[PDB]
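Structure 1 and structure 2 below are two forms of the same protein chain, each written out on its own as structure tokens.
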Structure 1
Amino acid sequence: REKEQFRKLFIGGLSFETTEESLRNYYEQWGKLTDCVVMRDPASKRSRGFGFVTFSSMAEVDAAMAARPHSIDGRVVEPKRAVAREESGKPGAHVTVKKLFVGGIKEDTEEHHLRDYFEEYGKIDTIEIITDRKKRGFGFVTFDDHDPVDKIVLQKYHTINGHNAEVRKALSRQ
């Protein structure tokens, strides 16, 4: 079975009334859950206003996300790909951004190479190879929704054109 991190959504903006049961119920209309949880405060056991749900496959998750917005107990919720514990610390972890930095591509990799690979994740605005003078070995890609990026950065390394290529949410300066 696929890694959990690739099958899991963070669900923010929940009602303090929302239970696992109704969370579990609403997200089952796109597949089988293997885990469900409204995070609660240790002492009080009051909701923290977000939870997690885990589907059996990535295909299920995508459909869930194709079917936005979501609404549970009168609140529009904020489903997001679950960012790993490992990661949840640095800037640009929960930055919900639409641009993506792409590195480790070397001089033999072209603007079309990047479309080929990334068009699959969602629709694109723009691509940018970087050079001065031949080619610095990195570039940028810009999607219409944040979710392509979010899906992309669940995996640090993407194999593109014979290279172990590294992806990162694009930060300003900085």
Structure 2
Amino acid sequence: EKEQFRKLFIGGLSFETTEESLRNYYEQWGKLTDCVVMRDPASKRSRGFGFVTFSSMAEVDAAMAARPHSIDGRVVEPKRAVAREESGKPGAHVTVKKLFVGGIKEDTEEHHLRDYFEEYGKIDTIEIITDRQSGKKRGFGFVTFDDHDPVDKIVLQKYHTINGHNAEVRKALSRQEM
């Protein structure tokens, strides 16, 4: 478990929040190997966000299942840290409840996706996409969860073995565009 699999961005922090209270707070779900509140170099004031890193991906998952999170009188806004290498890429920092899944071919059905994806989180809807004219399966689908974190969690692995296929998953982007 490389650090980017165990690291959370924390947004919406009180400007009073320090590394200490961030650490105290998040250590109820485990050991932290790193913790920072980001500060303005000139004024030394909190920029309103920080990062925490747990020792195991188990602990991140327990923290994020354990939401919402309040610290210093504010509900904060945690999200899995997108790899630095990915900054500047299209949709890198997008936050969405909907997953694109491609490479599922013409034999994959709602239940195949429901079976595979349900232990990541609560699924609201599964859409297996068909041609409007033929009704043939187009080889891709979308899964919509009740929260963004299953999506964020799922896409840290690019390929998923679903119904005998090595499917690629991505954050669902708007049509719209795209």
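Here, a residue number simply tells you its place in the sequence of structure 1, counted from 1. Take the two forms, find the largest set of C-alpha atoms that superpose within 1.5 Å, and that set is the rigid core.
Quick one: spot the hinge among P91, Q29, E120, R46 for the rigid-body turn between the two structures.
-> Comparing the two forms, the hinge residue turns out to be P91.
Angle of the smaller rigid part's turn relative to the larger between the two structures, in °?
-> 18 degrees, smaller rigid part against the larger.
Rigid core fit between the two structures: Cα deviation of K98 in angstrom | Displacement of the C-alpha, rigid core superposed: 2.0 Å.
What is the magnitude, in angstrom, of the C-alpha shift at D144 between the two structures when the rigid core serves as the superposition reference?
-> Here the C-alpha difference is 2.7 Å.
Rigid-core-superposed Cα shift at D108 between the two structures, Å | Rounded to one decimal, the shift is 8.3 Å.
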